[PDB]
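A short write-up of the structure that comes next.
A short reminder: the numbers here are calculations on the coordinates, not readings from a lab. With ideal geometry, Cβ positions are generated from the backbone for all residues, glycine too; neighbour counts draw on all protein chains shown.
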Amino acid sequence: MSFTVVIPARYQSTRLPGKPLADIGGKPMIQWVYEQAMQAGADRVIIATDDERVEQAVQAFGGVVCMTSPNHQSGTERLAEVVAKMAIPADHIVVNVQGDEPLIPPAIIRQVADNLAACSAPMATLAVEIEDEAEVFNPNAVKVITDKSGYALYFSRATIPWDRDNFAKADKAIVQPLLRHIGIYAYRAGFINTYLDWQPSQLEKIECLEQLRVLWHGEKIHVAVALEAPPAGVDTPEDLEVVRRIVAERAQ
Amino acid sequence: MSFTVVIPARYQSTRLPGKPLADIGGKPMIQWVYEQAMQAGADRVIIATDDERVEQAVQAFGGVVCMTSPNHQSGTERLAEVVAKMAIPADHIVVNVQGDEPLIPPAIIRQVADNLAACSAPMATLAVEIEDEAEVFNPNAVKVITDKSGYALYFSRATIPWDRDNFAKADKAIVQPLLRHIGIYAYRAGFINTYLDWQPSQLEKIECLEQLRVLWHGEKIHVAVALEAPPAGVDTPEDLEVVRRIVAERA
Ligand code: NA
């Protein structure tokens, strides 16, 4: 089994402008993500960016970088262009890892690739078990449920499975965990064009969940519990200071 | 196409006791459902009951009765007993119609049987579009969403699909309908036993939705919008009088 990791780097942010290049212990944020991907055993790692500053910084650590169009609308159109420009074969496993995750556990990057290779779905993703009321009823925490083979039945901002008996109480009891989707995906490279070209579903627009396109078109997404729950993506100066502390402590 | 209709008619009811034998225009409620099933083109209609009062009454209008277990059974459990007891062949289509729907449109009984015959799936069912907030956010109203071919993705007591933008608002806006599942099923007779003997999912117990067992084992359930939206069933005395006046309005 071999797989390639593609990491989109988004330069623009009102809270952390130039985020991919934020210095963390002497390396830009994007380099840390790159290096987590290498530690996962990826045969190849590719930063996708539309900003020349990112290109230059990645070249300066010897990283592979693919320049993509500034006019893309979704991170799937972006991934599609990398697959085309870098000539990635249709059967090759690609893992999409967000460029704002410098502390992503390498084991889960490998996990999602391994899961895709082992199953009959063209796409694989992961979830974390949740049981705190905060996230269980939080529409920003996307819930997912699976069949006996691990294929997703549905993803939703609604609280799925609804516990009829325990959620009626008004003092809503949580007696078993739910599964919260995490934003890491593995695809057969050729499937990315299939996904891209499929007629958009109404479901995906109502829920604001792109992956519902796949379900609506009758195709499968494998889902597994992540081996280790990943830290949240870095969005603010406060989040960045937390990562700087963790990274500094990794040298102590 | 040929199908059999099985109509469960439990006498005991907390909301309306002895309901299958509640009078409507001179006939017990059960007789009205039976007559609607006959109008649908059913090869055969079977009333499934565990009470001999229902048995006597159905035989008195000339209906076929199958006696089922007087112990607590689930929906599938009851239906599987009839299928097993009368040795219904595995490839025969069985439509399960509730004994408390005296005004069920014969056309939708035929629809669910037709839909099942038109595909390879072991199971078919129906839904109605809903927009009323009291139904949309009610866990007693089971929601369903389908793929592009009409196969169920999930059934839930949660409000699905969640409209991110519109349901965040203090007064939630319903800008497209949802689908409410209605309790009419068609199955391949043999599938019913498989369904019965399958390893149970956790999902089915949490949501209290038996049909999630099927989705968990990865088998398909086809779902279509009812060709005619059924009238309300009968759960309470109030509901009964609604039917009584509908029938009275005809004469
Ligand atoms: Na340390």
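Key figures for this structure:
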item	result
Where A:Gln211 falls short, out of the listed (1) of a type outside the set (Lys, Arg); (2) under 14 Å from B:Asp147 (Cβ atoms); (3) buried (at least 20 other Cβ atoms within 10 Å of the Cβ); (4) within 11 Å of chain B (Cβ to nearest Cβ)	(4)
Hey, B:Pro105 surrounded by fewer than 21 Cβ atoms within 10 Å (Cβ to Cβ), without any contact (Cβ under 8 Å) to a residue 24 or more places away in the chain and under 29 Å from B:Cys208 (Cα atoms) or not	no
Filtered residues of the range A:21-55 (kept if farther than 17 Å from A:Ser69 by Cα and in a helix (DSSP H, G or I))	A:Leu21, A:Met29, A:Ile30, A:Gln31, A:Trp32, A:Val33, A:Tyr34, A:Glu35, A:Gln36, A:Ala37, A:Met38, A:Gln39
Count - residues of the range A:17-71 that are of a type in the set (A, V, I, L, M) and over 20 Å from A:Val95 (Cβ atoms)	6
Any hit, the range B:45-64, residues being under 26 Å from B:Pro237 (Cβ atoms) and touching a residue at least 60 places away in the same chain (Cβ under 8 Å)	no
Any hit, the range B:184-194, residues being crowded, with 17+ Cβ neighbours inside 10 Å and facing chain A (nearest Cβ under 9 Å)	no
Residue match in the range B:219-232 (condition: in contact with a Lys or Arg (Cβ under 8 Å, 6 or more places away or on another chain) and assigned to a loop (DSSP other than H, G, I, E, B))	no
A:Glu249 vs. criteria of a type in the set (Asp, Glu) and either touching a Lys or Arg at 6+ places or on another chain (Cβ under 6 Å) or within 16 Å of the ligand (Cβ to nearest atom) (or both)	yes
Criterion: touching a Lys or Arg at 6+ places or on another chain (Cβ under 7 Å) and of a type outside the set (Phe, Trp, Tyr) - qualifying residue of A:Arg188, A:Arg164	A:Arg164
A:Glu204 free of Cβ contacts under 8 Å to residues at least 60 places away in the same chain, more than 16 Å from the ligand (Cβ to nearest atom), surrounded by 15 or more Cβ atoms within 10 Å (Cβ to Cβ) and charged (D, E, K, R)	yes
Failed item in (1) assigned to a loop (DSSP other than H, G, I, E, B); (2) surrounded by 19 or more Cβ atoms within 10 Å (Cβ to Cβ), with A:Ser120 passing the rest	(2)
Single residue of the range B:143-161 satisfying the filter (within 7 Å of chain A (Cβ to nearest Cβ) and more than 22 Å from B:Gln202 (Cβ to Cβ)) that is surrounded by the most Cβ atoms within 10 Å (Cβ to Cβ)	B:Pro161
Every pair of residues 6+ apart whose Cβ atoms lie under 8 Å, when the first sits in the range B:221-248 and is farther than 21 Å from B:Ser13 by Cβ while the second is aromatic (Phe, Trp, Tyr)	B:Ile221/B:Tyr151; B:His222/B:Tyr151; B:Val223/B:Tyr151
When residues of the range A:214-227 are limited to those that are surrounded by 19 or more Cβ atoms within 10 Å (Cβ to Cβ) and at the interface with chain B (Cβ under 9 Å from one of its Cβ atoms), the one farthest from A:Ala107 (Cα to Cα)	A:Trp216
Complete set of residues in the range A:219-246 that are in contact with a strand residue (DSSP E or B) (Cβ under 7 Å, 6 or more places away or on another chain) and more than 16 Å from the ligand (Cβ to nearest atom)	A:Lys220, A:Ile221, A:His222, A:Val223, A:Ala224, A:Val225, A:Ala226, A:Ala229, A:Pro230
Residues within the range B:106-142 that are in contact with a helix residue (DSSP H, G or I) (Cβ under 8 Å, 6 or more places away or on another chain), more than 10 Å from chain A (Cβ to nearest Cβ) and of a type outside the set (A, V, I, L, M, F, W, C), tallied	3
